[PDB]
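Asker: Starting off with a structure, shown below.
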Amino acid sequence: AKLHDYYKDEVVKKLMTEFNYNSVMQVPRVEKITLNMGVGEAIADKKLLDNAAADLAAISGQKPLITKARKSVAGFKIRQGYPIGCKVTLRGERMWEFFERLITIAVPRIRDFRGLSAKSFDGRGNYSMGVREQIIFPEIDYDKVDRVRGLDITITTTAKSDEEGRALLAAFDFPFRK
Amino acid sequence: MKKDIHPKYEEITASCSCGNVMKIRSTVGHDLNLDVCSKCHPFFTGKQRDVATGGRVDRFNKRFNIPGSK
Amino acid sequence: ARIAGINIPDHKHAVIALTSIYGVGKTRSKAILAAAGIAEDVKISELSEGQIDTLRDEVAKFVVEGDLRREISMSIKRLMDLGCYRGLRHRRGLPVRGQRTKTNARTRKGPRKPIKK
RNA sequence: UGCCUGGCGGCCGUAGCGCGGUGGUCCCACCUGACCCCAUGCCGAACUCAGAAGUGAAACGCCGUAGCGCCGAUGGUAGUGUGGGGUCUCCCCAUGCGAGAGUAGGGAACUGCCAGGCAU
RNA sequence: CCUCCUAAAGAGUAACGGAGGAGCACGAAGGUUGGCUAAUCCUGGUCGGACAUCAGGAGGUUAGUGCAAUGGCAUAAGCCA
RNA sequence: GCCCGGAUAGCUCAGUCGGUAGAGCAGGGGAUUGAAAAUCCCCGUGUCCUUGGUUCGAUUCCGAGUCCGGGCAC
RNA sequence: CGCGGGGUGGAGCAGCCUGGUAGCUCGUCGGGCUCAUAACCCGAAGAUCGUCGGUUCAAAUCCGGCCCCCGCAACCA
RNA sequence: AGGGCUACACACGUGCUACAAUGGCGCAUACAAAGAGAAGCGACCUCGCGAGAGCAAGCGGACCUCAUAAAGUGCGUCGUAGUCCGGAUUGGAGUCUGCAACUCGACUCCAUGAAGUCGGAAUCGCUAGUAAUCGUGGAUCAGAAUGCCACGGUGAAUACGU
């Protein structure tokens with residue numbers, strides 16, 4: 001709800017006024033949020049990636065893709081073509097609704113702030129909050145005494161520098177141990 | 001947004017204004033602001049003299065008149 | 001999980017339940033219940049959210065695992081960076097309260113290793 | 001008649017790249033919305049459909065700039081045909097052919113077609 | 001029996017000359033429509049921080065090619081439906 | 001490429017005329033001795049190979065094909 | 001010359017056939033029994049597969065070079 | 001005077017506490033012996049979470065004091081989950097004895113909270129007020145006791161036979 005409505009009126013004027021952009025539309029915008037568990041654990045057992053997707057879906061708000069391996073050699077020699085990761089990808093209303101369940105709920109329910117002290121960005125203006133465990137789930141009876149697994153929160157922006165890019169995000173207010 | 005990717009999005013959209021009582025808000029959690037150490041220990045606390053917890057009744061100088069007929 | 005503080009189970013009694021927080025033991029848990037006006041042997045599932053919040057206001061008053069574990073780290077670290085004898089034993093993984101180091105002490109010297117001959 | 005924008009070319013780096021400037025109620029991008037036919041191994045990003053305001057920002061067209069890519073003489077040099085010599089593992093002589101590299105210099109494109117706007 | 005060199009800028013031509021492979025696979029790994037584009041490194045990244053999955057950038061195929069080498073290919077002869 | 005004949009406890013075999021899952025030895029525990037070698041004990045496992053079919057029900061009874069082992073073929 | 005086999009924990013042997021897997025008996029070290037040693041019992045440790053490279057996602061293993069050990073061969077007038 | 005014997009890679013003997021439900025936790029409740037004490041032990045009193053504090057009676061030993069006997073009994077509670085088991089560790093605050101508790105004290109409390117699911121080979125003590133188990137006192141001793149020395153509570157298996 002409120003995030004895209006807030007970005008529209010406030011974050012576009014704020015960034016325009018602080019950075020004096022050449023034309024208003026050149027304010028940085030929010031480009032897709034991709035989430036992603038990655039493997040978690042356990043290639044071999046080959047059940048758990050299908051359980052990982054069914055956990056991830058609830059807080060994604062869409063089915064996970066189930067990414068499979070490229071040529072691979074890391075913590076095991078995965079070869080190529082095995083199932084491995086998870087992957088989501090959001091934009092528009094789905095992302096703006098998501099970005100409100102982040103920030104409002106999920107971040108204040110992380111106890112020690114592994115989710116954000118100081119954290120730094122890519123080479124241009126994209127960022128990646130690797131959350132440690134389990135956040136919140138839809139209506140009721142959230143906990144089923146599961147098997148942990150955090151996830152990458154890779155949020156993306158159209159922005160030209162990481163110094164500029166953190167004026168964005170911060171205009172929606174960003175963490176209390178930051 | 002194909003039809004069969006089943007979000008729970010009616011529930012996830014629903015119940016949307018949550019209180020400070022109901023689910024804490026983002027108006028709670030910066031409140032204990034900073035991580036605080038004070039290195040001016042006891043005995044740096046202006047205490048150059050010390051005394052125990054309690055027993056503070058009847059304080060005067062009496063030089064060991066405590067035995068009952070020794 | 002996130003009941004009063006972030007670390008609590010259900011169907012435990014309220015004296016037991018808060019113990020799992022870190023910074024509230026058996027004595028503080030009793031005293032937190034006394035403070036809140038709550039009976040001890042109540043199932044923690046039984047309490048409603050405004051009662052649970054009343055516990056949560058007192059639970060926040062002390063110290064809890066995000067704040068505690070940073071504090072006890074900072075206390076130890078101040079000794080290790082200072083380099084006093086206390087801190088040196090704390091650095092070295094041998095006993096710091098002066099215990100007999102000749103025979104026992106396999107809490108600090110851990111799981112056994114061979115003679116490495 | 002000219003200037004500018006778009007499609008299909010011809011030739012296919014002197015045509016490229018960099019760097020800077022610059023253009024938007026023709027037009028083109030981006031653009032918003034996704035209702036609906038349509039569509040995603042999740043994702044309206046892509047594809048597709050329906051369209052107002054917005055912006056020239058990114059893309060791209062245009063201009064300037066030689067930093068780089070690139071073209072490049074003449075002469076000499078190598079090599080070789082044929083015929084001849086000798087100190088013959090190789091080189092000379094006759095005369096036909098004659099590079100590659102490198103130097104001067106050129107260099108930021110020329111041009112046909114139909115299509116729209118603006119000025120004349 | 002195949003590929004490269006010797007092989008002399010058309011034919012490719014010997015030597016117990018130099019160097020490598022094949023004796024099959026495939027019912028899709030064939031047909032056709034439709035879409036898409038590589039190795040590698042960096043930077044950010046919840047434990048593979050030497051190497052999974054992710055996102056961003058540079059690069060511009062340095063990759064791919066059922067299997068050898070040579071030729072080949074982006075309109076793809078590659079990869080997917 | 002035929003006719004044969006087998007495919008189970010881990011093994012060989014087999015209670016298995018269709019009404020119904022075993023002997024011999026293999027690994028663990030208990031019970032005794034200069035631990036042992038060695039007694040005695042209680043569990044050891046199968047949709048009888050994959051598919052057809054007779055039937056009140058049948059693996060085997062009647063059948064088609066894969067693999068092993070034995071003959072004649074070429 | 002030439003051809004083929006071999007190079008494993010301190011010892012002797014196994015695994016080596018397009019491959020991911022370290023096993024046995026001795027010896028060793030710690031504990032035990034014994035007056036004490038022997039033996040006997042229990043536990044543990046020990047090989048980055050001669051060496052260098054190559055192919056491979058992965059190599060002790062397959063491939064190539066060198067050193068080292070063995071078997072056979074090095075004639076015919 | 002300060003340091004040391006009280007270190008640590010590790011190996012061993014001896015003992016404690018434990019791994020739980022015959023129990024741990026809570027609250028209420030029962031009945032001992034033996035001993036020490038004028039360098040000492042110290043009620044009652046009011047204060048302290050408590051260790052302790054101060055104020056102060058008393059005692060020369062059947063008198064006063066150390067000294068609330070514990071396990072047991074009552075009732076509630078927990079549910080085989082390394083836990084309401086276990087408490088090792090370490091932080092922090094605190095008390096006392098003493099010149100001083102850093103090396104090198106004891107104890108209180110708050111918090112935290114490991115190994116541990118009854119132990120391989122081996123192996124020891126005991127015949128009945130015994131073993132097992134529960135507490136109490138004392139010597140030394142300013143201050144350090146799981147040790148040693150003693151006291152009493154509850155109280156067993158079985159010994160055919162050589």
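Chain labels run A, B, ... following the order of the structure tokens; each chain numbers its residues from 1, and ligands are numbered from 1 in the order shown.
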Residues at most 9 Å from stretch 93-100 of chain H, counting only C-alpha atoms (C1' of nucleotides), excluding those fewer than 5 positions away in the same chain, as a PDB file with N, CA, C and O atoms (P, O5', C5', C4', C3', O3' and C1' of nucleotides), in the first residue's frame?
Answerer:
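That gives us selection07.pdb:
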ATOM      1  N   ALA B  52      28.159  -1.300  54.195  1.00  0.00           N
ATOM      2  CA  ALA B  52      27.407  -2.454  53.745  1.00  0.00           C
ATOM      3  C   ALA B  52      25.927  -2.180  53.488  1.00  0.00           C
ATOM      4  O   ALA B  52      25.377  -1.142  53.863  1.00  0.00           O
ATOM      5  N   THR B  53      25.222  -3.130  52.832  1.00  0.00           N
ATOM      6  CA  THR B  53      23.758  -3.123  52.729  1.00  0.00           C
ATOM      7  C   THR B  53      23.106  -3.323  54.099  1.00  0.00           C
ATOM      8  O   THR B  53      23.281  -4.360  54.743  1.00  0.00           O
TER       9      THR B  53
ATOM     10  P     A H  51      21.958 -15.559  55.663  1.00  0.00           P
ATOM     11  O5'   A H  51      23.463 -15.269  55.273  1.00  0.00           O
ATOM     12  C5'   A H  51      24.317 -16.395  54.918  1.00  0.00           C
ATOM     13  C4'   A H  51      25.615 -16.005  54.175  1.00  0.00           C
ATOM     14  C3'   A H  51      26.515 -15.174  55.088  1.00  0.00           C
ATOM     15  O3'   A H  51      27.290 -16.062  55.926  1.00  0.00           O
ATOM     16  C1'   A H  51      26.227 -14.059  53.016  1.00  0.00           C
ATOM     17  P     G H  52      27.310 -15.799  57.501  1.00  0.00           P
ATOM     18  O5'   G H  52      27.289 -14.233  57.705  1.00  0.00           O
ATOM     19  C5'   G H  52      28.489 -13.443  57.534  1.00  0.00           C
ATOM     20  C4'   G H  52      28.161 -11.989  57.173  1.00  0.00           C
ATOM     21  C3'   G H  52      27.999 -10.998  58.321  1.00  0.00           C
ATOM     22  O3'   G H  52      29.252 -10.722  58.963  1.00  0.00           O
ATOM     23  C1'   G H  52      26.327 -10.628  56.765  1.00  0.00           C
ATOM     24  P     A H 106      38.533 -20.826  47.510  1.00  0.00           P
ATOM     25  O5'   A H 106      37.541 -20.433  48.671  1.00  0.00           O
ATOM     26  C5'   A H 106      37.454 -21.354  49.786  1.00  0.00           C
ATOM     27  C4'   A H 106      36.418 -20.883  50.792  1.00  0.00           C
ATOM     28  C3'   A H 106      35.015 -20.625  50.299  1.00  0.00           C
ATOM     29  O3'   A H 106      34.226 -21.843  50.358  1.00  0.00           O
ATOM     30  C1'   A H 106      35.835 -18.750  51.532  1.00  0.00           C
ATOM     31  P     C H 107      33.001 -21.933  49.362  1.00  0.00           P
ATOM     32  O5'   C H 107      31.977 -20.902  49.911  1.00  0.00           O
ATOM     33  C5'   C H 107      31.306 -20.959  51.165  1.00  0.00           C
ATOM     34  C4'   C H 107      30.522 -19.656  51.389  1.00  0.00           C
ATOM     35  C3'   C H 107      29.492 -19.224  50.345  1.00  0.00           C
ATOM     36  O3'   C H 107      28.275 -20.011  50.442  1.00  0.00           O
ATOM     37  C1'   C H 107      30.823 -17.403  50.925  1.00  0.00           C
ATOM     38  P     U H 108      27.380 -20.054  49.135  1.00  0.00           P
ATOM     39  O5'   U H 108      26.688 -18.640  49.126  1.00  0.00           O
ATOM     40  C5'   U H 108      25.804 -18.286  50.223  1.00  0.00           C
ATOM     41  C4'   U H 108      25.397 -16.807  50.191  1.00  0.00           C
ATOM     42  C3'   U H 108      24.578 -16.401  48.978  1.00  0.00           C
ATOM     43  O3'   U H 108      23.207 -16.806  49.157  1.00  0.00           O
ATOM     44  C1'   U H 108      26.255 -14.827  49.343  1.00  0.00           C
ATOM     45  P     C H 109      22.535 -17.574  47.951  1.00  0.00           P
ATOM     46  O5'   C H 109      22.352 -16.497  46.811  1.00  0.00           O
ATOM     47  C5'   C H 109      21.266 -15.547  46.988  1.00  0.00           C
ATOM     48  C4'   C H 109      21.429 -14.240  46.207  1.00  0.00           C
ATOM     49  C3'   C H 109      21.241 -14.666  44.768  1.00  0.00           C
ATOM     50  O3'   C H 109      19.848 -14.851  44.485  1.00  0.00           O
ATOM     51  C1'   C H 109      23.075 -13.211  44.966  1.00  0.00           C
ATOM     52  P     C H 110      19.460 -15.475  43.089  1.00  0.00           P
ATOM     53  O5'   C H 110      19.744 -14.316  42.096  1.00  0.00           O
ATOM     54  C5'   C H 110      18.883 -13.213  41.814  1.00  0.00           C
ATOM     55  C4'   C H 110      19.539 -12.360  40.741  1.00  0.00           C
ATOM     56  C3'   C H 110      19.729 -13.214  39.504  1.00  0.00           C
ATOM     57  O3'   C H 110      18.485 -13.361  38.785  1.00  0.00           O
ATOM     58  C1'   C H 110      21.670 -11.964  39.891  1.00  0.00           C
ATOM     59  P     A H 142      44.704 -19.840  63.483  1.00  0.00           P
ATOM     60  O5'   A H 142      43.315 -19.112  63.254  1.00  0.00           O
ATOM     61  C5'   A H 142      42.611 -18.353  64.254  1.00  0.00           C
ATOM     62  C4'   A H 142      42.187 -16.972  63.669  1.00  0.00           C
ATOM     63  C3'   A H 142      41.287 -17.056  62.428  1.00  0.00           C
ATOM     64  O3'   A H 142      39.940 -17.387  62.834  1.00  0.00           O
ATOM     65  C1'   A H 142      42.936 -15.487  61.975  1.00  0.00           C
ATOM     66  P     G H 143      39.026 -18.393  62.012  1.00  0.00           P
ATOM     67  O5'   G H 143      39.430 -18.088  60.485  1.00  0.00           O
ATOM     68  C5'   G H 143      38.521 -17.241  59.729  1.00  0.00           C
ATOM     69  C4'   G H 143      38.773 -17.249  58.219  1.00  0.00           C
ATOM     70  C3'   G H 143      38.743 -18.575  57.462  1.00  0.00           C
ATOM     71  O3'   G H 143      37.418 -18.950  57.016  1.00  0.00           O
ATOM     72  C1'   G H 143      40.693 -17.424  56.904  1.00  0.00           C
TER      73        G H 143
END
Asker: Which of chain A end up as strand (DSSP E or B) when DSSP is run on this backbone - answer as number ranges by chain?
Answerer: A: 29-33, 68, 72, 79, 83, 90, 127-131, 151-158
Asker: I need the chain G residues near chain C as a list in words; criterion: at most 12 Å, counting only C-alpha atoms (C1' of nucleotides).
Answerer: residues 28, 29, 30, 44, 45 and 46 of chain G
Asker: For chain E against chain A, which residues fall within 10 Å using only C-alpha atoms (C1' of nucleotides), given as an MDAnalysis selection string?
Answerer: chainID E and resid 42:48 50:57
Asker: Can you work out which one of A:52, A:57, A:167, A:140 has the shortest atom-to-atom distance to residue D:42, counting only C-alpha atoms (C1' of nucleotides)?
Answerer: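 Of A:52, A:57, A:167, A:140, the one nearest residue D:42 is A:57, counting only C-alpha atoms (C1' of nucleotides).
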Asker: If you measure from atom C1' of residue H:156 to atom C1' of residue H:130, what distance in Å do you get, rounded to one decimal?
Answerer: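 Those two atoms sit 9.7 Å apart.
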Asker: What residues in chain H lie within 12 Å of chain C, counting only C-alpha atoms (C1' of nucleotides), written as a PyMOL selection string?
Answerer: chain H and resi 6-12+25-26+49+76-79+81+83-84+88-92+102-105+109-115
Asker: Would you mind listing, for every residue of chain A within 12 Å of chain C, the two atoms forming the shortest contact and the distance between them in Å to one decimal, using only C-alpha atoms, sorted by chain and ascending residue number, as a Markdown table?
Answerer:
| residue | atom | partner | partner_atom | distance |
| --- | --- | --- | --- | --- |
| A:108 | CA | C:6 | CA | 11.0 |
| A:109 | CA | C:6 | CA | 8.1 |
| A:110 | CA | C:6 | CA | 8.8 |
| A:111 | CA | C:66 | CA | 6.2 |
| A:112 | CA | C:66 | CA | 4.6 |
| A:113 | CA | C:66 | CA | 8.3 |
| A:114 | CA | C:66 | CA | 10.4 |
| A:134 | CA | C:1 | CA | 10.3 |
| A:135 | CA | C:2 | CA | 10.2 |
| A:136 | CA | C:2 | CA | 10.2 |
| A:141 | CA | C:1 | CA | 11.5 |
| A:142 | CA | C:1 | CA | 9.9 |
| A:143 | CA | C:1 | CA | 8.0 |
| A:144 | CA | C:1 | CA | 10.9 |
| A:145 | CA | C:1 | CA | 9.7 |
| A:177 | CA | C:66 | CA | 11.6 |
Asker: Take the residues from that selection and put them in a file with N, CA, C and O atoms, as a JSON list (two decimals), in the first residue's frame.
Answerer:
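Output below, filename out_4.json:
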[["chain", "number", "residue", "atom", "x", "y", "z"],
["A", 108, "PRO", "N", 11.84, -5.00, 12.09],
["A", 108, "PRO", "CA", 11.74, -4.90, 13.53],
["A", 108, "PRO", "C", 11.56, -6.21, 14.27],
["A", 108, "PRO", "O", 11.65, -6.22, 15.49],
["A", 109, "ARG", "N", 11.30, -7.34, 13.58],
["A", 109, "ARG", "CA", 11.22, -8.64, 14.21],
["A", 109, "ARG", "C", 12.53, -9.43, 14.08],
["A", 109, "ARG", "O", 12.58, -10.60, 14.45],
["A", 110, "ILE", "N", 13.63, -8.81, 13.61],
["A", 110, "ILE", "CA", 14.98, -9.39, 13.69],
["A", 110, "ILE", "C", 15.66, -8.85, 14.93],
["A", 110, "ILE", "O", 15.82, -7.65, 15.12],
["A", 111, "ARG", "N", 16.06, -9.75, 15.86],
["A", 111, "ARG", "CA", 16.42, -9.33, 17.20],
["A", 111, "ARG", "C", 17.72, -8.54, 17.37],
["A", 111, "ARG", "O", 17.75, -7.47, 17.98],
["A", 112, "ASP", "N", 18.83, -9.01, 16.81],
["A", 112, "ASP", "CA", 20.15, -8.54, 17.15],
["A", 112, "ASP", "C", 20.71, -7.59, 16.11],
["A", 112, "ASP", "O", 21.80, -7.04, 16.26],
["A", 113, "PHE", "N", 19.94, -7.38, 15.03],
["A", 113, "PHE", "CA", 20.32, -6.68, 13.82],
["A", 113, "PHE", "C", 21.53, -7.21, 13.07],
["A", 113, "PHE", "O", 22.49, -6.50, 12.77],
["A", 114, "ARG", "N", 21.46, -8.50, 12.65],
["A", 114, "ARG", "CA", 22.19, -9.01, 11.50],
["A", 114, "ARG", "C", 21.69, -8.37, 10.21],
["A", 114, "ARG", "O", 22.45, -8.07, 9.30],
["A", 134, "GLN", "N", 13.76, -16.50, 10.11],
["A", 134, "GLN", "CA", 12.34, -16.50, 9.82],
["A", 134, "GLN", "C", 11.61, -15.31, 10.42],
["A", 134, "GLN", "O", 11.80, -14.91, 11.56],
["A", 135, "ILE", "N", 10.77, -14.70, 9.58],
["A", 135, "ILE", "CA", 10.26, -13.36, 9.73],
["A", 135, "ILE", "C", 8.85, -13.37, 10.24],
["A", 135, "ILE", "O", 8.60, -13.29, 11.44],
["A", 136, "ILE", "N", 7.86, -13.46, 9.35],
["A", 136, "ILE", "CA", 6.45, -13.41, 9.64],
["A", 136, "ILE", "C", 5.81, -14.22, 8.53],
["A", 136, "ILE", "O", 6.44, -14.46, 7.51],
["A", 141, "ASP", "N", -0.94, -18.77, 13.00],
["A", 141, "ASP", "CA", -0.20, -20.01, 13.24],
["A", 141, "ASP", "C", 1.10, -20.12, 12.43],
["A", 141, "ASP", "O", 1.33, -21.06, 11.66],
["A", 142, "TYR", "N", 1.98, -19.11, 12.59],
["A", 142, "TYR", "CA", 3.17, -18.86, 11.80],
["A", 142, "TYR", "C", 4.22, -19.96, 11.88],
["A", 142, "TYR", "O", 4.81, -20.39, 10.88],
["A", 143, "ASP", "N", 4.49, -20.43, 13.11],
["A", 143, "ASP", "CA", 5.57, -21.32, 13.41],
["A", 143, "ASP", "C", 5.09, -22.76, 13.40],
["A", 143, "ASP", "O", 4.09, -23.13, 14.03],
["A", 144, "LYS", "N", 5.79, -23.62, 12.65],
["A", 144, "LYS", "CA", 5.52, -25.03, 12.55],
["A", 144, "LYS", "C", 6.74, -25.80, 12.98],
["A", 144, "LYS", "O", 6.86, -27.00, 12.73],
["A", 145, "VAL", "N", 7.68, -25.12, 13.66],
["A", 145, "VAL", "CA", 8.91, -25.67, 14.20],
["A", 145, "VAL", "C", 9.78, -26.29, 13.10],
["A", 145, "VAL", "O", 10.14, -27.47, 13.10],
["A", 177, "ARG", "N", 19.81, -0.09, 13.69],
["A", 177, "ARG", "CA", 21.19, -0.30, 14.07],
["A", 177, "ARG", "C", 22.14, 0.02, 12.89],
["A", 177, "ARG", "O", 23.31, -0.37, 12.91]]
Asker: So that I can check the surroundings of residue F:34, please list as a PDB file with C-alpha atoms (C1' of nucleotides), in the first residue's frame every protein, DNA and RNA residue that reaches within 12 Å of it, counting only C-alpha atoms (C1' of nucleotides) and ignoring chain neighbours fewer than 6 positions away.
Answerer:
ATOM      1  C1'   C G  33      46.318 -57.955  33.574  1.00  0.00           C
ATOM      2  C1'   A G  39      52.264 -62.746  25.453  1.00  0.00           C
ATOM      3  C1'   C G  40      46.930 -61.622  26.019  1.00  0.00           C
ATOM      4  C1'   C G  41      42.729 -57.848  25.999  1.00  0.00           C
TER       5        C G  41
END
Asker: Under the rule of at most 10 Å, produce a per-residue listing of chain B near chain H: chain, number, name, the closest pair of atoms, and the distance in Å, as a tab-separated table, using only C-alpha atoms (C1' of nucleotides).
Answerer:
residue	atom	partner	partner_atom	distance
B:52	CA	H:53	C1'	7.5
B:53	CA	H:48	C1'	5.9
B:54	CA	H:48	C1'	5.1
B:55	CA	H:47	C1'	4.1
B:56	CA	H:47	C1'	6.6
B:57	CA	H:54	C1'	7.0
B:58	CA	H:55	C1'	6.8
B:59	CA	H:54	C1'	7.7
B:65	CA	H:56	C1'	8.4
B:66	CA	H:56	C1'	5.8
B:67	CA	H:56	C1'	7.4
B:68	CA	H:57	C1'	5.4
B:69	CA	H:58	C1'	7.3
B:70	CA	H:38	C1'	6.3
Asker: Write out as number ranges by chain each polymer residue whose atoms come within 8 Å of stretch 52-67 of chain F, counting only C-alpha atoms (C1' of nucleotides); drop sequence neighbours fewer than 5 positions from it.
Answerer: F: 16, 18-19
Asker: Take the residues from that selection and write them out as a PDB file, in the first residue's frame, keeping C-alpha atoms (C1' of nucleotides).
Answerer:
ATOM      1  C1'   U F  16       4.756 -73.310  -1.956  1.00  0.00           C
ATOM      2  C1'   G F  18      -3.948 -72.132  -5.474  1.00  0.00           C
ATOM      3  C1'   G F  19      -6.498 -71.161  -0.018  1.00  0.00           C
TER       4        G F  19
END
Asker: Just the residues within 12 Å of residue F:9, please, counting only C-alpha atoms (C1' of nucleotides), with nothing from its chain fewer than 3 positions along; format it as a PyMOL selection string.
Answerer: chain F and resi 12-14+21-26+44-46
Asker: Find the residue from A:159, A:24, A:30, A:65 that sits nearest to chain D; use only C-alpha atoms (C1' of nucleotides) when measuring.
Answerer: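 Going through A:159, A:24, A:30, A:65 one by one, the smallest distance to chain D is for A:65.
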Asker: What's around stretch 17-29 of chain D at 7 Å? Count only C-alpha atoms (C1' of nucleotides), leave out sequence neighbours fewer than 4 positions away in its own chain, and write the answer as a VMD selection string.
Answerer: chain D and resid 5 to 6 56 59 68 to 69 116 to 117
Asker: With a cut-off of 9 Å and counting only C-alpha atoms (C1' of nucleotides), select all residues of chain D in contact with chain B and give the selection as a list in words.
Answerer: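 Close enough to count are residues 39, 40, 42, 43 and 44 of chain D.
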